[PDB]
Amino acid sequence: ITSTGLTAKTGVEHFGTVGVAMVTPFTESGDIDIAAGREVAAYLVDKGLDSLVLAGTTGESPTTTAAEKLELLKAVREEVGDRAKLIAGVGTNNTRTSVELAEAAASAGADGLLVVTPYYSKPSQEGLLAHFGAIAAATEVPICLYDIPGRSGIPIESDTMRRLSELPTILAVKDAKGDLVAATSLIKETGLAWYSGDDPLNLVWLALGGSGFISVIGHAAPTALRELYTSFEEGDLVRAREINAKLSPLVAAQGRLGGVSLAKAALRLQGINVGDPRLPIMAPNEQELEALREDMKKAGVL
């Protein structure tokens, strides 16, 4: 019994197909709100998401402590562990702490690990092989590399990606680089599952052989994103591009506000208060919230 759709199925047994880098809810005073975290996770999954990245960029990994992370992880697992892949962001720009975070996540029962390219310090590609190498050797949990030079300062070059694909636990890439020329070949060569790490390219990556997405706007239009995926899967391409174009306003808003502020502001607008972000990240002001409502109504999610 097997029914092959049009979408590559590579690594979906570890990272799912349609998911989001979930926000980390905070109370009015900036404290982590575990209850709202479990609420949001169940909400999103019930909406169609089958994967959740906890402690990712959108999850505000820079302003949360290691304990807060582990806490959210264990809490969400108890909530939606039986029906969604839970991916833990454990990469930092310090190999030692990256290792610590990965071991803690493994013991917590994480289905996968998101390891961003070390940011700010700009290590050499040789440094990347040593960094990722150490992390992959610390646990048996599947790893999804996170390529995003726009935030980290350096990219994971093609040759480097090919070497890393040789490690037994490195099985996927969240791609926020958008180098379609290089990726088109790597997807075929490395055997790595490629996930869209940039909402405007969700449909684009599926067409090139992607396995799914790890979205931001998915917080505001989870059902739509699932539909984008299924549409492509079933060959209803016209439907896919209509949905993709439909959600454009959310992309524009993300561009003006940033993933964190947008995700938290959009959920609140839909009646799900998950607090505000921690400094230096900020919630949208009155004028920005007005522009956001506009985009959300145009996107058909408000």
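So that there is no doubt, residue numbering starts at 1 and follows the sequence shown.
Undergrad: Return whichever of 201 to 209 and 67 to 75 has the greater mean Cα B factor according to the PDB record.
TA: Mean C-alpha B-factor is greater for 67 to 75.
Undergrad: For the C-alpha atoms alone, is the average B factor greater in 256 to 264 or in 43 to 51, going by the entry?
TA: Of 256 to 264 and 43 to 51, the stretch with the higher C-alpha B-factor average is 43 to 51.
Undergrad: Considering only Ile243, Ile34, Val274, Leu250, which residue's Cα atom bears the greatest B-factor as recorded?
TA: The listed residue with the largest C-alpha B-factor is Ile34.
Undergrad: Of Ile187, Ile214, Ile217, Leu171, which one's C-alpha B factor is largest in the deposited record?
TA: Result of the comparison over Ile187, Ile214, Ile217, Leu171: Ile187.
Undergrad: Within this chain's modelled residues, let me know which third the CA B factor of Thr58 belongs to: lowest, middle or highest.
TA: Lowest third.
Undergrad: Would you mind checking where the Cα B-factor of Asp175 ranks among the modelled residues of its chain, as the lowest, middle or highest third?
TA: Lowest third, going by the recorded CA B-factors of the chain.
Undergrad: Sorting the chain's modelled residues by C-alpha B-factor, tell me whether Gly81 ends up in the lowest, middle or highest third.
TA: Top third by C-alpha B-factor.
Undergrad: Please rank the C-alpha B-factors of the chain's modelled residues and tell me whether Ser121 sits in the lowest, middle or highest third.
TA: For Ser121, the deposited C-alpha B-factor lands in the lowest third.
Undergrad: Can you work out whether the C-alpha temperature factor of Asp147 puts it in the lowest, middle or highest third of the chain?
TA: As the PDB entry reports it, the C-alpha B-factor of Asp147 lands in the lowest third of its chain.
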